[PDB]
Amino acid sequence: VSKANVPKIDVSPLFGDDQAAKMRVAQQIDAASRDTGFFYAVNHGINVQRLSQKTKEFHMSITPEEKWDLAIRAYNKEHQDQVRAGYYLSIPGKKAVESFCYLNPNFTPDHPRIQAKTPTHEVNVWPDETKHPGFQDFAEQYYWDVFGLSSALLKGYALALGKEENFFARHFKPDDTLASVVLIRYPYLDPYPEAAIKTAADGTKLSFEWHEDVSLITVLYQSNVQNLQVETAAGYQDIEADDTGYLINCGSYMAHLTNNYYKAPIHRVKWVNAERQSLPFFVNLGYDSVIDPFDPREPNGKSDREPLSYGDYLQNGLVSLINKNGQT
């Protein structure tokens, strides 16, 4: 398989006030978005080594009892309110992956959307503080660090599409974003059960099948173990690993809003027998956020798509992804 073109882009100007330098970053985002759909954000300012260390400490110390106590409803019928947030268990002999998902720390018991029991909004669940000292505080702070990077990236995408820098960012707010962090553990297993390995039509062994992301953009940290592939006009291509940067791509809400000018790249996860991490941040807007679809390839910029609220998009997309590629 040939190597995919995934450029490294220094996104540091997006945190500053040099408008010309921001346009030069926006062009790089435009170019990558129009080519393979992927780029590595470098000079992003986040301490990813500490994120990996704290995540490993958690994954390797959590016990079976704690996983049931934090489990989503797909694994524990007693937790009917946990559709998104909580622990997603492995099934030894059958399913290797396991993970922990958390949402906006501002979704507290008194938040208006939590009081209304609005779909896709939940109060996070956390392990015992005595058993995992500092974990909740670290994880909540990580949400806000990656939120800050994501806001800066959204400024770059807006400028790239010919809009004002707050075009997307104005709908991405601390008090109501539906964004999520997922701490995914992909384990080393000896023997690796065949039931946990899928095979693509082209013969490639996979851990997760082809898909488009359910997001506006996805901001991903991964270990230094090659595993991702992107479908291009030249076929599936390997994405090189880089554990110092963030791998960025568009999700299907960006494809909808831009009329496929910036596509949501189809990508898949190869099977690798290695202990590693996949830590995505899905950049989701607010429940009622609606951006009128447009088309940057058309002179009048008009699109033939109907407006879709982010809440409707997200609820439907997450269900569809489970139906297509299985409960994770």
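Here the rigid core means the biggest group of C-alpha atoms that line up within 1.5 Å when the two forms are laid on top of each other. Heads up: residue numbers just count along the shown sequence, starting at 1.
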Higher Cα RMS in 9 other deposited structures of this protein relative to the shown form (core alignment), 103-111 or 231-239, goes to 231-239
When mean C-alpha B-factors in the record are compared for 265-273 and 298-306, the larger belongs to 298-306
As the entry reports it, the stretch among 124-132 and 190-198 with higher mean C-alpha B factor is 190-198
Residue set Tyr236, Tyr88, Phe147, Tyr221, per-entry CA B-factor max assigned to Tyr236
Comparing C-alpha B-factors across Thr204, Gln141, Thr108, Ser252 in this entry, the winner is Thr204
By the entry's values, the third containing the CA B factor of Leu228 is the middle
Here the Cα B-factor of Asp81, set against its chain, lands in the third termed highest
Of the three thirds of the chain ranked by Cα temperature factor, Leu257 occupies the highest
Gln115: C-alpha B-factor third of its chain, per the entry, is the middle
Chain-relative C-alpha B factor for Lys155 (record values, thirds): the lowest
